[PDB]
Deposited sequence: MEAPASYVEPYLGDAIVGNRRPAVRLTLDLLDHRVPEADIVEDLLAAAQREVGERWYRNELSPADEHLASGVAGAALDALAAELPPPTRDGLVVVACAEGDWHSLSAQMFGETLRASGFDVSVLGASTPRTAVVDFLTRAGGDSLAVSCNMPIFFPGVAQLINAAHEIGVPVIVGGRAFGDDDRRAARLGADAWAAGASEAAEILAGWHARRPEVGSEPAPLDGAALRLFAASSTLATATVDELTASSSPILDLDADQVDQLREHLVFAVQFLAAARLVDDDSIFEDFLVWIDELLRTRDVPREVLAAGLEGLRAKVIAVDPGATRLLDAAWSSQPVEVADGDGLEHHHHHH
């Protein structure tokens, strides 16, 4: 009867898109007086993480996950239909980072907030920066919460924080890209960071009660790190052109997968540099290496790919040299 112990039966149904028994479990816990926050964190988010890990281990496909993610959204919808109305005044706007389509991160977070009596509008997946600030303005938002699932979205989170400051609004950030403490968040000028709803509820309720001062001076970022971000396309696509004159010829699917991986590589590298945390790049190499290992595609390809990136990457950002000379 702990939410955690229901992950397996939930997944059994969720992975094949069998919504009804899986949302029934969700609602049975709720009716047995389990706090919603726990249901969301310990069952739904935990299940979704396991889906992601199975995909990652090449034990599931995107088709399975798509179904699992729909069931998760249906569970959140069911839960939301049980909620009493907001007890707190002051609208919190929850947004995925621009470029980020993990709507469910924003939605799970925002729903946990709702369950603490917050008035919450979840934009979910990627919205233009200027459209988010304009929404804050029109909807009289107290606070912006930005949910970021990969560190490759950081440049835009920084820009978004800046735009929000220009209109007086404070930004809390979170989700897995920001790690287990506030160092990455602080490096981008976020007014706050938290790991989950419990803490964010304190910060947000505090921003409602006492609307804090916000810089309006943009947080300093390494320009070379940003130029390396901007160039990720060019470097990847140009790396893949050479290589296929012809040191590995690769079908149209394989060339696109490689190209896509190398764009990601340069973006993790740029992100590591931007917020001065080497582990972002090192964790990516570990991550991708094992992604490919379960998929029986020789890693001479990616090695060759990284090899190719070397000369052009350092031409843009020489400070990335040292990051590359571990791998």
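A.B. asks: In sequence order, name the stretches of the deposited sequence that have no C-alpha in these coordinates.
C.D. replies: Seq positions lacking coordinates: 1, 247 to 248, 253, 332 to 352.
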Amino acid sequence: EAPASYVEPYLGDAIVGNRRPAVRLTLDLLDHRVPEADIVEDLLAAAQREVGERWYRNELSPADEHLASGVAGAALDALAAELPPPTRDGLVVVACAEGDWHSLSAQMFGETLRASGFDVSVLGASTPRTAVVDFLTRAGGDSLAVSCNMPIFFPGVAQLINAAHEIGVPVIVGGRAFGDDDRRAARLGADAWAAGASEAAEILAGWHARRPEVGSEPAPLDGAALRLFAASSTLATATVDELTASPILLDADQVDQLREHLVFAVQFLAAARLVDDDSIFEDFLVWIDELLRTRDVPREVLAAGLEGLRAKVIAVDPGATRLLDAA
From here on, numbers count along this sequence of modelled residues.
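A.B. asks: Looking at the deposited entry, does 134 to 142 or 92 to 100 carry the larger mean Cα B-factor?
C.D. replies: Result: 134 to 142.
A.B. asks: Quick check: 207 to 215 versus 187 to 195, which has the larger average CA B-factor in the record?
C.D. replies: Between 187 to 195 and 207 to 215, it is 207 to 215.
A.B. asks: Looking at 113, 76, 106, 221, which has the biggest Cα B factor in the entry?
C.D. replies: Within the set 113, 76, 106, 221, 221 shows the top C-alpha B-factor.
A.B. asks: If you check the C-alpha B-factor for each of 81, 248, 173, 122 in the entry, which is highest?
C.D. replies: Of the options given, 248 has the highest CA B-factor in the PDB entry.
A.B. asks: Taking the values exactly as deposited, rank residue 235 by C-alpha B-factor within its chain and report the matching third: lowest, middle or highest.
C.D. replies: Highest third.
A.B. asks: By its CA B factor, does residue 303 count among the lowest, middle or highest third of the modelled residues in the chain?
C.D. replies: Top third by C-alpha B-factor.
A.B. asks: If you rank the chain by CA B-factor, which third does residue 117 end up in: lowest, middle or highest?
C.D. replies: Middle third of the chain for residue 117's C-alpha B-factor.
A.B. asks: Could you say whether, by C-alpha temperature factor, residue 68 belongs to the lowest, middle or highest third of its chain?
C.D. replies: Its C-alpha B-factor, which the entry lists for residue 68, ranks in the lowest third among residues of this chain.
A.B. asks: Taking the chain's C-alpha temperature factors as the reference, tell me which third residue 7 falls into: lowest, middle or highest.
C.D. replies: Bottom third by C-alpha B-factor.
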